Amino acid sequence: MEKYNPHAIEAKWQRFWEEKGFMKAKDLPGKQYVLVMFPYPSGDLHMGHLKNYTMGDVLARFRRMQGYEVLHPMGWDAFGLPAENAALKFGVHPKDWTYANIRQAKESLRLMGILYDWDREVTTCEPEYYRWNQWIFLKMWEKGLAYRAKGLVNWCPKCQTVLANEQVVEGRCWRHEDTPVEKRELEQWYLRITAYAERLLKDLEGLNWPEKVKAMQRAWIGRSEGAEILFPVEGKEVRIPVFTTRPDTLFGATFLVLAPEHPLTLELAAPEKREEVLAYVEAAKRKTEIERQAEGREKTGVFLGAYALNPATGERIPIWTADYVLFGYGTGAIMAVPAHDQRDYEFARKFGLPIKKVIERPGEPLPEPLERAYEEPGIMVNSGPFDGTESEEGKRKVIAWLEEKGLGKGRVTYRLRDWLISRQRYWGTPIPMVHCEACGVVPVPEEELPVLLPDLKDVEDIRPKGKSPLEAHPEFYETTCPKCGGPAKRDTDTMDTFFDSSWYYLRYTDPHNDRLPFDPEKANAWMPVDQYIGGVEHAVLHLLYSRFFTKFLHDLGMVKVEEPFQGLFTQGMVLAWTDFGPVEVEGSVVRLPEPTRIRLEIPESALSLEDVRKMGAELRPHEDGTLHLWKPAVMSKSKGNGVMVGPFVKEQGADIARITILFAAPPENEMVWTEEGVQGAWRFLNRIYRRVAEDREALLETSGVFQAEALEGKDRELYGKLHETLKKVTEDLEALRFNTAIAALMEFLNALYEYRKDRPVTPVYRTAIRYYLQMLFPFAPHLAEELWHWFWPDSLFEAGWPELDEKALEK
């Protein structure tokens, strides 16, 4: 008897499904929008990417079989840093590189049996797409959400461009994890995402997202209870307003500090102090923003010779000016609480200012004298009627008290900063603005879009050296101001890649509209995404920016929903056993030579055998005569441990790869691609094929019609197991518990073998085989479709999803 052979059959069914267009989505839909994060065409796809994309295909096939109108699209996040950095590493032009990668990616996806509605394909680096990035940018400008500002920004020396706050990971560039980000002062473009901070925070509650992702966004937004407190100046009419997120420490404010540029610094300066103060103010203006915001420099300042009254204690406190207080932040003035702010502590210690504790540390009380500030929450003390109140709650109590007495007002702030979107790079969407010498910054008219990216052919030309490559192309920027008509200069910076990906899911609903980013009617019929699948690494990047874009577009009246992804599933990373290098073992201690330690990226030069076991590593004898340390590591190019689709599928097969991935572990967890896994997929698929082939002849001469109630013995038992399996598989699929759905099919397959030990091929058995192939389709579509055609005329896409028999479940 012949055995399962994936070789010719897979290509056959792949073409069949495409020609039939089973996965084509209607312009207007029950519907299911199954979306996976489109890739950066920066390289070849490996099984890691395929875990993400196979998961989407499984769900899309299942939903399509159930009769839902399914939208399952694919596209290319082809603009920005990912694509350009990769292309430039190999001295290749970004456009050539991108399209070659897209070609390869499409093949990798097709070879795995993944089906998309390719008629909705989008390529962000194309004018047909980015002209709408510009359209959206213009709307944000008009709505007060896009502005230009000068200030300190993050800068990656390797990328040679500024980066948004979300693109800085552990102080490192999101693309160059080995390069620390630097600070610079430049005038850039920002998207006022903070205007939506409260809604972004509040709307997380109804989302069917992993709690871990919600927590990351909440912490990134960082809402804080603060207050603006008023301090009366002795002998003067003015009451100095100060901003603080620690209103709970008010009774501990022993002095005030005004920014050198604050108007009151010179105005309140005593006559005999004016000279010294004026000298300090001028010296402060000579410093740069960076120098002023320095965090480890010496403490300097001058006593103005004026006093203020602490509104809570009614006590007199000195007023100083010091360059560590920034004029552009808050009110440009602060109340200093040395006992609970380390910077204030050091300033107070240096200039002999009072230090008063008002927040006591739970457990062991703070010592006297205080050697450093206590900045964590505690219990209020020496705070009048507030004594005994827990810090955080105390903030609210003090704010209410201040407002009631007219001594200040509550002020909520967010750690979240506005989104820096301009980049000094060539490969990206040109910002649709013009700079006129007379009018200032003027927007390009909507009807003039798109502002085409100049077609530069010299790669050395495109390479970023510090300024935007466009700054060297007058044929591009020299233009006329749309307002006055005189000579003007087009903006030379481009939009970051995340602008493109913040709404691509909406473009899929109307990929060819050349009058609007999309028609509200079409978008509203498909939105929101019912199930989004993608990596957690996007928690405060794409998964935050998108929510912002959608809320904005909703406010524009183009989108009914306010949340783009109703369901989100973050898939665990696929890992691969990776060789890190030789080691030497002596007793229970493993010595790691520098090269090996460096590749492992750990500070230990020595590990116990237990440490090796615990980190999931093992020592394997190597032909070089030494022991090497191997450990599963995230599958990626940089690691050189990628398992590419083309080669694997050629030597093994798509269903083998799909089962290996899907059965390895719960999808939310990480998994290690292994030979044992591959062999296990082979064993399972061979076992399915063998069961059907063994009974093929009898099955062909058997009818599938029978009366459930009339079944008895093993026949009745099989019918029950069949429906129990259908229930388990259906529910598991709906919850994306793909590994247990497969385990259920493996279990039922065992029941089929057991059944045949006692019973011949029967109508109920034929029906069990029919349902089995249907339930198998989402997972191993090629084999299921192949076996299905041995007995039936239509495709598995046309037979639908098996109907569950509730009664069969009883007892």
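Residue numbers run from 1 along the displayed sequence.
*Asks:* Enter the number of deposited residues without atomic coordinates between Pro29 and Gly30, binned as none, 1 to 3, 4 to 9, or 10 or more.
*Replies:* Missing in between: 1 to 3 residues.
*Asks:* Could you check the entry and say whether 388-396 or 135-143 has the higher mean CA B-factor?
*Replies:* The recorded data point to 388-396.
*Asks:* On average, which has the higher Cα B-factor in the deposited entry, 730-738 or 360-368?
*Replies:* Mean C-alpha B-factor is greater for 360-368.
*Asks:* Given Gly222, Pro73, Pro474, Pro241, identify the residue with the highest C-alpha B factor in the PDB entry.
*Replies:* Result of the comparison over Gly222, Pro73, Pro474, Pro241: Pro474.
*Asks:* From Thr194, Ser605, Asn85, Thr494, pick the one with the largest CA B-factor in the entry?
*Replies:* Checking the PDB record, the top C-alpha B-factor among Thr194, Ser605, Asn85, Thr494 is at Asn85.
*Asks:* In terms of the CA temperature factor given in the entry, to which third of its chain does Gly653 belong: lowest, middle or highest?
*Replies:* Lowest third - that is where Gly653 ends up once the chain's C-alpha B-factors are sorted.
*Asks:* Grab the CA temperature factor for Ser42 from the record and place it in the lowest, middle or highest third of its chain.
*Replies:* Its C-alpha B-factor belongs to the highest third of this chain's values.
*Asks:* Looking at the entry's B-factor column for C-alpha atoms only, identify whether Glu18 ranks in the lowest, middle or highest third of its chain.
*Replies:* Middle third.
*Asks:* Among the modelled residues of this chain, does the Cα B factor of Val92 put it in the lowest, middle or highest third?
*Replies:* Ranked within chain, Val92 CA B lands in the highest tercile.
*Asks:* By the record's CA B-factor, is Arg490 among the lowest, middle or highest third of residues in the chain?
*Replies:* For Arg490, the deposited C-alpha B-factor lands in the highest third.
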